[PDB]
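Working notes, beginning with the structure itself.
Numbering (the entry's author numbering), first residue to last: 1 to 118, 136 to 254.
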């Protein structure tokens, strides 16, 4: 029973401050690097910050650097995100995520907390569609400093759920993912293939890679996959 639970979200005026909290249980919190990832309503995933197991190594997304502060309390098994100089653009659902050291994959995600304050580096097709049984391949195009230098991870986000790790280290499936899902990487581009498409595969798919030039995680804009049947077309010859 591995759980992450975020708290602290709500309505805040621009220029304001909030502190988000992420409570962890069921694992050795003090031995993992942790991250904040956000999702603006109806938009893609956007990494915010990371902190190593003893707080020695901290990174920020360029847009939040100098305004946000990440911290952790290993005694209270808690992760925090202090947000200052809040902007309309900070309106999002904020997720807490655990990072696996050997791969950098985000294998456990929280449930998310909404913050309302009142373009992606990796390139994905915004939509994909297929009929059940077919094979669909989704591309993710990056550059030399990200996909060209580092492994690619893929996350599946089912409607009304938090994202889940789908593929790590380019082509590895975690425990829980069937062989119908396969990943590949060549040069500065990566692909996710879904064989034997099923109605339950209707979800958003995201590719992610560390970028050595930005010193940041870069996520794709997301591919909404639709599984559509029959189609009563009027063919006229």
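Beta carbons are placed, not taken as given, at the ideal position from N, Cα and C, and that holds for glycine.
Cβ separation of residue i and residue j, assumed to be a contact under 8 Å, to the nearest whole Å
i: residue 239; j: residue 45; result: 7 Å
i: residue 9; j: residue 113; result: 3 Å
i: residue 55; j: residue 67; result: Their Cβ separation, rounded to whole angstroms, is 19 Å, which puts residue 55 and residue 67 out of contact at 8 Å.
i: residue 94; j: residue 232; result: About 21 Å; that fails the 8 Å criterion.
CB contact flag (residue i, residue j, <9 Å)
i: residue 21; j: residue 33; result: no
i: residue 189; j: residue 181; result: no
i: residue 23; j: residue 7; result: yes
i: residue 191; j: residue 107; result: yes
i: residue 185; j: residue 226; result: no
i: residue 156; j: residue 212; result: no
i: residue 228; j: residue 158; result: no
i: residue 135; j: residue 92; result: One cannot assign coordinates to residue 135, given that the chain in this structure leaps from 118 to 136.
i: residue 218; j: residue 245; result: no
Burial state of residue i, where buried means 16 or more other Cβ atoms lie within 10 Å
i: residue 57; result: exposed
i: residue 253; result: exposed
i: residue 90; result: buried
i: residue 251; result: exposed
i: residue 152; result: exposed
i: residue 145; result: buried
CA nearest to the CA of residue i, picked from the options
i: residue 166; options: 151, 203, 199; result: 203
i: residue 169; options: 14, 27, 235, 101; result: 235
i: residue 77; options: 91, 193, 205, 5; result: 5
i: residue 133; options: 198, 232, 193, 149; result: Position 118 is followed directly by 136 in the chain, which means residue 133 is not present among the coordinates.
i: residue 154; options: 164, 179, 118, 198; result: 198
i: residue 2; options: 14, 12, 29, 17; result: 29
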